[PDB]
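Next up: just one chain, as structure tokens, the form deposited in one PDB entry.
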């Protein structure tokens, strides 16, 4: 009887998909989570006063068979597209995840946030706020910077994505 919001974490390696997920789920910064391990998490949460369930698929890039990975995308209702602000190549990689999602969901308004993680490493920044905001503007998505280490904006990205799912679906 509860809304079930199906969230999928995407992004290239080491950007913080798992750390964000585990901070959200378990209030812990986890620094050694197996890079090849994908997992699903489910939690009851109160979204704007409504009890809902969030399901998070923390993807780990291991499924290379395109039909299978497209099936995983098709199941998702919203996407956190994560890059690390400290790795420009991970920002460049977001374009591919966007295209993969769009090919399957066929809706440019699919619930989607662009997430610049590792905001606590400003001294290592390789991706400017300006360029990330410009990309988000091009895609008509919001850009949020997070830190799985300090928990900055972690609840925000999950809740705001659920708000998009709620509004759009």
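Under this definition, the rigid core comprises the largest set of C-alpha atoms superposing within 1.5 Å between the forms. Residue numbers count along the first chain shown, from 1.
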Using only the Cα atoms and their B-factors as the entry lists them, report which of 68 to 76 and 84 to 92 averages higher.
-> 68 to 76
Of 38 to 46 and 135 to 143, the stretch whose C-alpha atoms average the higher B-factor in the entry | 38 to 46
Note to self: of 30, 115, 110, 127, the C-alpha temperature factor tops out at 30
Would you mind ranking residue 166 by its C-alpha B-factor against the rest of the chain and naming the third, lowest, middle or highest?
-> lowest
If you rank every modelled residue in this chain by C-alpha B factor, which third holds residue 150: lowest, middle or highest?
-> highest
B-factor third for the C-alpha atom of residue 60 within its chain = highest
Entry-reported Cα temperature factor of residue 101, expressed as the chain third it lands in = lowest
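There is another form of the same protein, the form deposited in another entry; it is not shown, and what comes next is about it.
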Identity of the moved residue from 63, 70, 55, 39, C-alpha shift 2 angstroms or more, core fit between this form and the one not shown = 63
Note whether the distance between the C-alpha atoms of residue 75 and residue 63 decreases (closer) or increases (farther) in the other form, against the displayed form; the change is 3 Å or more.
-> farther
Explain in one word, closer or farther, how the Cα atoms of residue 61 and residue 117 are placed in the other form relative to this form, where the distance changes by 3 Å or more.
-> closer
